[PDB]
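Only one structure is covered here, and it is reproduced in the block below.
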Amino acid sequence: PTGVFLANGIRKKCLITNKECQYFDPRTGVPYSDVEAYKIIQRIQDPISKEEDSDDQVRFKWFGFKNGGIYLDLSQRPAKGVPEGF
Amino acid sequence: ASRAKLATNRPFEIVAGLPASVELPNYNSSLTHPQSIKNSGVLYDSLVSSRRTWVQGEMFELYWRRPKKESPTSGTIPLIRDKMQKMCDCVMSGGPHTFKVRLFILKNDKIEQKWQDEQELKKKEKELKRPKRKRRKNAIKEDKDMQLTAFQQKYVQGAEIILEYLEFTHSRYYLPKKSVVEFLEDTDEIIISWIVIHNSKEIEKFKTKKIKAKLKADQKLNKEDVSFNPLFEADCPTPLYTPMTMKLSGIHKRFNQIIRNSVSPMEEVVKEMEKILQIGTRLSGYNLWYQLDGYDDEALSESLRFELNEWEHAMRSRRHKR
Amino acid sequence: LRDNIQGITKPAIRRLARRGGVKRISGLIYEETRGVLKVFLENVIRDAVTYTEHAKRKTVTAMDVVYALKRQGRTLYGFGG
Amino acid sequence: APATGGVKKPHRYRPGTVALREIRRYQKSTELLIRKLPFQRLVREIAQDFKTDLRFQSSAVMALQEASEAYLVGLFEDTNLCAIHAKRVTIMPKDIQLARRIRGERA
């Protein structure tokens, strides 16, 4: 499947933001609503952010949950108070 | 589950129905004829799955679901509407994904009775001791925004908060009491963290068995003449656990107090979490292989494509139902 | 001895029907099956017991059972015939 | 170091599949399927009703069990064909009754 439109002419909704999709990524085929969406997808790609504090960069990993999976950033600072080893 | 059982020795495993490996994918070493991400769509499938799961996952305990249809069950909809109070609209981020929410209070009747008793006591104490200025309207607006109106004045502490998805109003979930809440005054962002156990049903059922055993022992002793914590118990099955963290944005000062009061005493849950962290099995982190070989993985590729087609075919009807 | 018509249980009827290859069963089947078995047993046993009583006898032998069944036309091999 | 293997899920075989497994398994087996003692209880009771102070040979009781099982399997397969003809998978008492009538045990 390609493009940002449904068969009835209604615009697709962004999977990332739920905004109405404006543009379509020809390389991967993932339509995106906004520049932020595209950047987030690209950061999901390019797992080794070749800047060559490097470990502190946003590193999304996929975790398998009952009947599906989610993307989690291991660099996410958890809420203040998390114990050692959290 | 019915997804095609991968041929033996593929350089990937099927996790949550998708090809993934613990190590970072090395396409260049492993693939001779890699299909494009366009051709594979694995990334697309992953993203749709992620969003949907976030809409339907186990992060927050479910408490109300719209009943799947002169049946009086229609009349219960306004009752369920009134049993909650209506509160203002706020944004939530889930991993790379973001969602929006309106807020709803679950009416604790004990707080209502105690508020009536407190007003009675205060009245009796007081009896025993004994154009229009728009700036005043602005002052009242600001006061009601950072101080509390009557419903907020009663539901400051011990109020119960329900979450709902504005893109999927069909399910309502409990805000985790066993959670760490940080209110960022500078950014107006709130980060919530909690530990989650994938076999929690197993632990709860074994807990019930232990409770029955202790009750039977006490009954046997009585025939002659309790903060039961499953996580502390030596015979508790291994928790497969994950730690989770999420950020809220868009909540207003007055609501923060209600939220801040609502969560549990921090040290107790911290100690419980530390026990969970010693006893728990952490979920392993792995990497999706978004690119597949057109020849060795033809069946898998087409299967994914078909399932995506069906998903999209269903997705149109969702708005067509509105 | 009492209620032994129940003693056959449901699971025995289940297994026997499973031998018969039935993929789907109904609750009422069990009672009907028990009735059929009851009348079959009654007839076979009456024939066997009369075969026994002829011989100025007290113990029903496998010969009495097998020849009673033969008289009902049901022929059984492998028990010393 | 140990992989989690993802997240396990309660495996739920589709209804009727393990039923077919049982069909095949029990069909291959050849032993007596009815428990010996309660069948002995039934035959003892019926004979005691019919005649006082009877005795049995053990072999006679075993032969009665074998004959019963054979008849019952035949009846059940007939009932299966009847239900099939009805275009139903759920066998019903009427299917047995029909089988009997066509057989002539109650015509």
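Heads up, chain D uses Swiss-Prot numbers, so what you see runs 30-136.
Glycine is treated like the rest: Cβ placed from N, Cα and C.
Positions annotated as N6,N6-dimethyllysine by Swiss-Prot: D:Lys37 (among others). Following the DSSP three-state reduction, the secondary structure of D:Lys37 (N6,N6-dimethyllysine) is coil. Under a cutoff of 8 A between CB atoms, and with a sequence separation of 6+ in the same chain, D:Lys37 (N6,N6-dimethyllysine) has no neighbours.
Here Swiss-Prot flags D:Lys37 (among others) as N6-methyllysine, drawing on experimental evidence.
Annotation source Swiss-Prot lists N6-methyllysine at D:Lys38 (among others).
Spatially close to D:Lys38 (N6-methyllysine) yet at least six residues away along the chain is no residue at all, judged by Cβ distances under 8 angstroms. Taken from Swiss-Prot, the feature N6,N6-dimethyllysine covers D:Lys38 (among others).
Shown in sequence order, the list is empty: the chain has no residue 6+ apart in sequence with a C-beta less than 8 angstroms from the C-beta of D:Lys57 (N6-succinyllysine). Here Swiss-Prot flags D:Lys57 (among others) as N6-succinyllysine.
Within 10 Å of the C-beta atom of D:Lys80 (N6,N6-dimethyllysine) sit 16 other C-beta atoms, taking all shown protein chains into account. Under the heading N6,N6-dimethyllysine, Swiss-Prot lists D:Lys80 (among others), citing experimental evidence as support.
As annotated by Swiss-Prot, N6-methyllysine applies to D:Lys80 (among others).
Under the heading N6-succinyllysine, Swiss-Prot lists D:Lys80 (among others), citing experimental evidence as support.
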Legend entry - Proximity to chain C among modified residues D:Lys38, D:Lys57, D:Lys80, where any Cβ pair is under 8 Å: D:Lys80
